[PDB]
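J.: So I've got this experimental structure, pasted below with the sequence.
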Amino acid sequence: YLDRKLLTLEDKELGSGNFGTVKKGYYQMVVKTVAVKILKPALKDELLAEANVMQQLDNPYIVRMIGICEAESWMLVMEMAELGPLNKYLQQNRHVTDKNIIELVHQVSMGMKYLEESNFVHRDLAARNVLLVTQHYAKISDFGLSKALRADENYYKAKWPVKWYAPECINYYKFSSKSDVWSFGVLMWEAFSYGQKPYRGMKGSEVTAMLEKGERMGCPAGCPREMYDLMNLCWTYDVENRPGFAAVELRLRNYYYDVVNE
Ligand SMILES: N[C@H]1CCCC[C@H]1Nc1cc2nc[nH]c(=O)c2c(Nc2cccc3cc[nH]c23)n1
(Lines give C-alpha, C1' and ligand atoms only; values in the text may rest on other atoms or scores of the structure.)
Protein backbone atom coordinates (compact mmCIF):
# COMPACT_ATOMS: atom_id res chain seq x y z
CA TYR A 1 0.00 0.00 0.00
CA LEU A 2 2.48 2.76 1.04
CA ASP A 3 5.41 3.90 -1.13
CA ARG A 4 8.81 3.20 0.57
CA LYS A 5 10.31 6.19 -1.40
CA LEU A 6 7.90 8.51 0.51
CA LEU A 7 9.01 7.22 3.97
CA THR A 8 12.10 8.55 5.83
CA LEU A 9 13.00 6.58 9.02
CA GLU A 10 15.13 7.78 11.97
CA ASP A 11 17.91 5.35 13.00
CA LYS A 12 17.08 5.47 16.74
CA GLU A 13 14.38 3.20 18.09
CA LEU A 14 11.60 4.57 20.31
CA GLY A 15 10.90 1.12 21.74
CA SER A 16 10.76 -2.63 21.13
CA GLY A 17 8.65 -5.77 21.55
CA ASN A 18 8.88 -9.37 20.34
CA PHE A 19 7.54 -7.95 17.07
CA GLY A 20 10.68 -5.85 16.56
CA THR A 21 11.16 -2.09 16.97
CA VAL A 22 9.09 1.14 16.88
CA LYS A 23 10.87 3.98 15.05
CA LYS A 24 9.97 7.55 14.22
CA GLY A 25 9.68 8.54 10.58
CA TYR A 26 8.19 11.03 8.14
CA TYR A 27 5.74 10.23 5.32
CA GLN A 28 5.05 12.47 2.28
CA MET A 29 1.17 12.69 2.27
CA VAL A 30 2.48 18.16 3.67
CA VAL A 31 4.61 15.72 5.47
CA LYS A 32 3.29 13.51 8.23
CA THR A 33 5.37 12.48 11.24
CA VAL A 34 4.80 8.78 11.87
CA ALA A 35 5.61 5.94 14.24
CA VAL A 36 6.52 2.75 12.42
CA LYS A 37 6.47 -0.80 13.68
CA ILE A 38 9.24 -2.66 11.92
CA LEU A 39 9.32 -6.43 11.98
CA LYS A 40 12.34 -8.15 13.50
CA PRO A 41 5.86 -16.12 8.95
CA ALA A 42 3.77 -15.87 12.19
CA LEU A 43 5.16 -12.34 12.88
CA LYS A 44 4.13 -11.13 9.36
CA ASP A 45 0.58 -12.54 9.86
CA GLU A 46 0.42 -10.93 13.36
CA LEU A 47 1.43 -7.49 12.04
CA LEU A 48 -1.07 -7.75 9.13
CA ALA A 49 -3.81 -8.78 11.64
CA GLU A 50 -2.91 -5.69 13.75
CA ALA A 51 -3.10 -3.51 10.60
CA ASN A 52 -6.48 -5.10 9.71
CA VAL A 53 -7.91 -4.18 13.15
CA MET A 54 -6.66 -0.57 12.99
CA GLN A 55 -8.14 -0.16 9.45
CA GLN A 56 -11.63 -0.80 10.91
CA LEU A 57 -11.33 1.73 13.75
CA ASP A 58 -12.10 5.42 13.58
CA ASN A 59 -12.13 7.31 16.86
CA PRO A 60 -10.29 10.39 18.30
CA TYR A 61 -8.93 8.26 21.17
CA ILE A 62 -7.50 5.41 19.11
CA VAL A 63 -4.16 5.59 17.22
CA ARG A 64 -4.69 5.73 13.41
CA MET A 65 -2.91 3.57 10.88
CA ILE A 66 -1.47 5.36 7.80
CA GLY A 67 -0.72 2.13 5.94
CA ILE A 68 1.61 -0.79 5.41
CA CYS A 69 4.84 -1.07 3.50
CA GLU A 70 6.74 -4.22 2.46
CA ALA A 71 10.39 -3.22 2.08
CA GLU A 72 13.65 -4.20 3.98
CA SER A 73 11.05 -5.60 6.45
CA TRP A 74 7.20 -5.46 6.81
CA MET A 75 6.29 -2.07 8.32
CA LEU A 76 3.10 -0.78 9.94
CA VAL A 77 3.03 3.02 9.64
CA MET A 78 0.89 4.86 12.19
CA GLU A 79 0.35 8.31 13.52
CA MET A 80 3.05 9.50 15.89
CA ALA A 81 2.24 10.15 19.54
CA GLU A 82 5.02 12.57 20.35
CA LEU A 83 4.97 12.28 24.14
CA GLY A 84 5.06 8.45 24.15
CA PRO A 85 3.67 5.82 26.53
CA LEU A 86 1.62 7.04 29.45
CA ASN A 87 3.45 4.93 32.12
CA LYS A 88 6.88 6.32 31.11
CA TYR A 89 5.48 9.86 30.81
CA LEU A 90 4.05 9.80 34.36
CA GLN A 91 7.26 8.24 35.85
CA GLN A 92 9.15 11.25 34.36
CA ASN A 93 6.52 13.91 35.21
CA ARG A 94 5.50 13.24 38.84
CA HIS A 95 3.73 16.61 39.16
CA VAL A 96 0.97 15.94 36.57
CA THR A 97 -2.21 16.90 38.48
CA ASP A 98 -4.95 14.51 39.60
CA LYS A 99 -7.35 16.52 37.37
CA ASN A 100 -5.00 15.93 34.35
CA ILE A 101 -4.80 12.18 35.13
CA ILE A 102 -8.62 11.99 35.27
CA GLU A 103 -8.80 13.84 31.91
CA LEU A 104 -6.47 11.29 30.29
CA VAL A 105 -8.05 8.16 31.82
CA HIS A 106 -11.48 9.52 30.78
CA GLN A 107 -10.19 9.86 27.19
CA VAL A 108 -9.09 6.18 27.29
CA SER A 109 -12.60 5.24 28.57
CA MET A 110 -14.14 7.10 25.58
CA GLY A 111 -11.91 5.15 23.17
CA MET A 112 -12.75 1.86 24.94
CA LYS A 113 -16.48 2.65 24.94
CA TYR A 114 -16.12 3.02 21.09
CA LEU A 115 -14.10 -0.24 20.90
CA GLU A 116 -16.81 -2.10 22.91
CA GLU A 117 -19.55 -0.62 20.65
CA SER A 118 -17.46 -1.83 17.63
CA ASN A 119 -17.23 -5.35 19.10
CA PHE A 120 -13.43 -5.47 19.24
CA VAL A 121 -11.52 -6.66 22.31
CA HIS A 122 -8.13 -5.02 22.92
CA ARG A 123 -6.60 -7.72 25.13
CA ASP A 124 -3.52 -5.70 26.05
CA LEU A 125 -4.91 -2.63 27.72
CA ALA A 126 -2.29 -1.20 30.03
CA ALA A 127 -0.64 2.18 30.64
CA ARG A 128 2.28 1.18 28.33
CA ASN A 129 -0.37 0.96 25.54
CA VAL A 130 -1.84 4.43 26.04
CA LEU A 131 0.19 7.10 24.26
CA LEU A 132 0.19 10.82 24.68
CA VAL A 133 -0.28 13.13 21.66
CA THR A 134 -0.05 16.03 24.15
CA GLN A 135 -0.10 16.22 27.97
CA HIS A 136 -3.88 16.54 27.49
CA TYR A 137 -4.63 14.06 24.73
CA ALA A 138 -4.36 10.29 25.12
CA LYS A 139 -4.80 7.58 22.49
CA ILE A 140 -5.00 3.78 22.81
CA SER A 141 -2.40 1.88 20.85
CA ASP A 142 -0.82 -1.56 20.32
CA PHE A 143 -3.62 -3.63 18.78
CA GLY A 144 -1.36 -6.70 18.24
CA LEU A 145 -3.47 -8.94 20.51
CA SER A 146 -6.85 -7.41 19.51
CA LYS A 147 -9.67 -9.41 18.05
CA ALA A 148 -12.84 -8.67 16.11
CA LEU A 149 -15.61 -10.56 17.96
CA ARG A 150 -17.68 -13.02 15.94
CA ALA A 151 -21.22 -11.81 15.05
CA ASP A 152 -22.68 -14.53 17.34
CA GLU A 153 -20.39 -14.24 20.42
CA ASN A 154 -19.49 -11.55 22.97
CA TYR A 155 -16.11 -13.14 23.76
CA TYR A 156 -12.95 -14.43 22.08
CA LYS A 157 -11.74 -17.86 23.26
CA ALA A 158 -7.90 -18.12 23.20
CA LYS A 159 3.27 -15.05 27.08
CA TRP A 160 0.28 -13.20 28.59
CA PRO A 161 0.29 -9.87 30.53
CA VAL A 162 -1.29 -11.73 33.55
CA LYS A 163 -1.29 -8.69 35.87
CA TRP A 164 -3.76 -6.92 33.55
CA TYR A 165 -6.00 -9.95 32.93
CA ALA A 166 -9.39 -10.67 34.51
CA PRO A 167 -9.99 -13.99 36.35
CA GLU A 168 -12.15 -15.37 33.45
CA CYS A 169 -9.18 -14.80 31.05
CA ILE A 170 -6.84 -16.76 33.32
CA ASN A 171 -9.39 -19.44 34.30
CA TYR A 172 -11.51 -19.87 31.17
CA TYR A 173 -9.36 -18.18 28.39
CA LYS A 174 -12.38 -15.94 27.53
CA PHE A 175 -11.77 -12.36 26.45
CA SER A 176 -14.63 -9.84 26.26
CA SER A 177 -15.10 -6.08 26.52
CA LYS A 178 -15.74 -6.72 30.24
CA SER A 179 -12.27 -8.44 30.40
CA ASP A 180 -10.88 -5.13 28.92
CA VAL A 181 -12.80 -3.23 31.71
CA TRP A 182 -10.78 -5.25 34.32
CA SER A 183 -7.55 -4.24 32.46
CA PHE A 184 -8.80 -0.62 32.42
CA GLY A 185 -9.02 -0.77 36.25
CA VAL A 186 -5.36 -1.84 36.40
CA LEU A 187 -4.50 0.98 33.89
CA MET A 188 -6.31 3.47 36.23
CA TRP A 189 -4.24 2.22 39.18
CA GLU A 190 -1.01 2.62 37.07
CA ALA A 191 -2.00 6.17 36.04
CA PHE A 192 -2.74 7.34 39.61
CA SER A 193 0.49 5.58 40.72
CA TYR A 194 2.53 7.64 38.23
CA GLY A 195 3.38 4.65 36.09
CA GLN A 196 4.40 2.25 38.88
CA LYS A 197 4.11 -1.44 37.92
CA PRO A 198 1.01 -3.13 39.38
CA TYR A 199 1.27 -5.97 41.98
CA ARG A 200 4.86 -5.00 42.84
CA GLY A 201 7.15 -7.94 43.64
CA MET A 202 4.50 -10.59 42.94
CA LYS A 203 4.56 -13.56 40.51
CA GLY A 204 1.53 -13.97 38.18
CA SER A 205 0.44 -17.03 40.23
CA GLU A 206 0.57 -14.94 43.46
CA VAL A 207 -1.63 -12.26 41.84
CA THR A 208 -4.19 -14.92 40.79
CA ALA A 209 -4.13 -16.22 44.41
CA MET A 210 -4.55 -12.66 45.83
CA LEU A 211 -7.54 -11.91 43.57
CA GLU A 212 -9.18 -15.28 44.35
CA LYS A 213 -9.00 -14.27 48.09
CA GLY A 214 -11.05 -11.12 47.19
CA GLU A 215 -8.01 -8.89 47.75
CA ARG A 216 -7.26 -5.93 45.51
CA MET A 217 -4.51 -3.33 45.17
CA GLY A 218 -4.90 -0.41 47.56
CA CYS A 219 -5.62 3.23 46.81
CA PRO A 220 -2.60 5.07 45.28
CA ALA A 221 -1.27 8.08 47.26
CA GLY A 222 -3.35 11.15 46.47
CA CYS A 223 -5.85 9.18 44.37
CA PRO A 224 -9.44 10.51 44.82
CA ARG A 225 -11.80 8.11 46.67
CA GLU A 226 -14.23 8.23 43.69
CA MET A 227 -11.47 7.03 41.30
CA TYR A 228 -10.42 4.23 43.63
CA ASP A 229 -14.10 3.18 43.92
CA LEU A 230 -14.23 3.01 40.11
CA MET A 231 -11.00 0.87 39.93
CA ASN A 232 -12.60 -1.53 42.44
CA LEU A 233 -15.78 -1.75 40.35
CA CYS A 234 -13.67 -2.60 37.27
CA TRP A 235 -12.18 -5.40 39.35
CA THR A 236 -15.50 -7.15 39.95
CA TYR A 237 -14.69 -10.84 39.97
CA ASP A 238 -17.78 -12.18 38.23
CA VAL A 239 -17.65 -11.00 34.61
CA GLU A 240 -21.50 -10.90 34.54
CA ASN A 241 -21.76 -8.23 37.30
CA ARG A 242 -18.76 -6.17 36.13
CA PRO A 243 -19.65 -2.84 34.41
CA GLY A 244 -19.22 -2.31 30.67
CA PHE A 245 -17.43 0.70 29.18
CA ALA A 246 -20.61 2.78 28.73
CA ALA A 247 -21.06 2.74 32.58
CA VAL A 248 -17.33 3.30 33.26
CA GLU A 249 -17.03 6.21 30.79
CA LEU A 250 -20.19 7.84 32.28
CA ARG A 251 -18.76 7.66 35.86
CA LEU A 252 -15.44 9.15 34.67
CA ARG A 253 -17.19 11.82 32.61
CA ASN A 254 -19.37 12.96 35.55
CA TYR A 255 -16.41 12.93 37.99
CA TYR A 256 -14.14 14.89 35.55
CA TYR A 257 -16.88 17.57 35.12
CA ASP A 258 -17.12 17.76 38.99
CA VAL A 259 -13.41 18.35 39.25
CA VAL A 260 -13.41 20.84 36.41
CA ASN A 261 -15.91 22.80 38.50
CA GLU A 262 -13.57 24.60 40.93
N1 LIG B 1 3.63 0.42 23.65
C2 LIG B 1 4.84 1.16 23.27
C3 LIG B 1 5.95 0.93 24.30
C4 LIG B 1 6.34 -0.53 24.40
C5 LIG B 1 6.76 -1.09 23.05
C6 LIG B 1 5.69 -0.85 21.99
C7 LIG B 1 5.33 0.63 21.89
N8 LIG B 1 4.28 0.80 20.87
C9 LIG B 1 4.01 2.01 20.27
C10 LIG B 1 2.97 2.06 19.30
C11 LIG B 1 2.71 3.28 18.70
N12 LIG B 1 1.67 3.34 17.74
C13 LIG B 1 1.44 4.50 17.18
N14 LIG B 1 2.12 5.68 17.45
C15 LIG B 1 3.16 5.68 18.41
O16 LIG B 1 3.74 6.75 18.63
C17 LIG B 1 3.46 4.43 19.05
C18 LIG B 1 4.49 4.29 20.03
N19 LIG B 1 5.21 5.41 20.37
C20 LIG B 1 6.27 5.52 21.30
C21 LIG B 1 6.78 4.50 22.07
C22 LIG B 1 7.84 4.73 22.98
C23 LIG B 1 8.41 5.96 23.14
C24 LIG B 1 7.92 7.02 22.37
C25 LIG B 1 8.28 8.40 22.29
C26 LIG B 1 7.45 8.99 21.36
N27 LIG B 1 6.58 8.03 20.84
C28 LIG B 1 6.85 6.81 21.46
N29 LIG B 1 4.77 3.09 20.64
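T.: Happy to help now that I have it. Numbers count the residues shown, from 1 in each chain.

J.: mind listing the strands for the stretch 151-262 of the chain?
T.: 155-157, 174-176 (DSSP state E, counting those that start in this stretch).

J.: Can you name the residue of the stretch 151-262 of the chain nearest to the ligand?
T.: Closest to the ligand within the stretch 151-262 of the chain is residue 161: 11.4 Å, counting by Cβ to the nearest ligand atom. No exception for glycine: its C-beta is placed from N, CA and C like everyone else's.

J.: show me the contacts for that residue.
T.: 124, 126 (Cβ atoms under 8 Å, 6 or more residues apart in numbering).

J.: 10 Å instead, please
T.: 123, 124, 125, 126, 128, 129, 145, 169, 183, 186, 204 (Cβ atoms under 10 Å, 6 or more residues apart in numbering).

J.: Ok, residue 126 next?
T.: Residue 126 touches 85-87, 142, 161, 163-164, 183-184, 186-187, 190, 198, counting by Cβ under 10 Å, 6+ apart.

J.: In helices, which of those residues appear?
T.: 86, 87, 183, 184, 186, 187, 190 (DSSP state H).

J.: quick one: which of those residues is nearest residue 234?
T.: When these are ranked by distance to residue 234 (Cβ to Cβ), residue 184 comes first, at 5.6 Å.

J.: ok, that closest one to residue 105 distance?
T.: 8 Å (Cβ to Cβ, to the nearest Å).

J.: Any residues of the stretch 51-200 of the chain in contact with the ligand? List them.
T.: 63, 78-82, 84-85, 128-129, 131, 141-142 (Cβ under 6 Å from any ligand atom).

J.: Could I get these in TSV, plus columns for neighbour count?
T.: What follows is these, written out as TSV (neighbours: other Cβ atoms under 10 Å):
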residue	neighbour count
63	22
78	23
79	19
80	22
81	22
82	12
84	17
85	21
128	22
129	24
131	24
141	23
142	22
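
J.: farthest-separated two in those residues?
T.: 79 and 128 (17.6 Å).

J.: Name the next helix or strand downstream of the top helix by length along the chain, please.
T.: If you go by DSSP H, the chain has its longest helix at helix 98-117. Note on helix 98-117: by DSSP states H and E, the next helix or strand toward the C-terminus is strand 120-121.

J.: Given that next one, what are its sheet partners and their directions?
T.: If you go by DSSP bridges, strand 120-121 pairs up with strand 147-148 (antiparallel).

J.: who's in contact with the partner strand?
T.: Here strand 147-148 has contacts from 49, 52-53, 56, 118-123, 155-158, 175, using Cβ under 10 Å, 6+ apart.

J.: Then stretch 203-214?
T.: 159-167, 170-171, 182, 198-199, 202, 215-217, 235, 237.

J.: Please compute how far it lies from its chain's middle.
T.: 22 Å (Cα atoms, centre = their mean, to the nearest Å).

J.: what domains does the record give for the chain?
T.: 1-80, 81-262 (curated CATH domains).

J.: Comparing those domains, which comes out most buried?
T.: Highest mean neighbour count among those (mean count of other Cβ atoms under 10 Å): domain 81-262, with a mean of 18.

J.: Touching, residue 254 and residue 226? I think so.
T.: Yes - counting by Cβ atoms under 10 Å, residue 254 touches residue 226, with 9.3 Å between them.

J.: OK, contacts around residue 74?
T.: By Cβ under 10 Å, 6+ apart, the residues touching residue 74 are 19-20, 37-39, 43-48, 51, 68.

J.: beta partners of it?
T.: Beta bridges link residue 74 to residue 70 when assigned by DSSP bridges.

J.: Quickly note the distance from it to residue 247.
T.: 39 Å.

J.: same check, this time on residue 120
T.: 18 Å.

J.: just residue 55 next, same as before
T.: Distance from residue 55 to residue 247, by Cβ to Cβ: 29 Å.

J.: And residue 2, by the same measure?
T.: On the measure of Cβ to Cβ, residue 2 and residue 247 end up 39 Å apart.

J.: go on, residue 4?
T.: Taken as Cβ to Cβ, the span from residue 4 to residue 247 is 45 Å.

J.: So what's the gap between stretch 135-147 and the chain middle?
T.: The answer for stretch 135-147 is 4 Å, by Cα atoms, centre = their mean.
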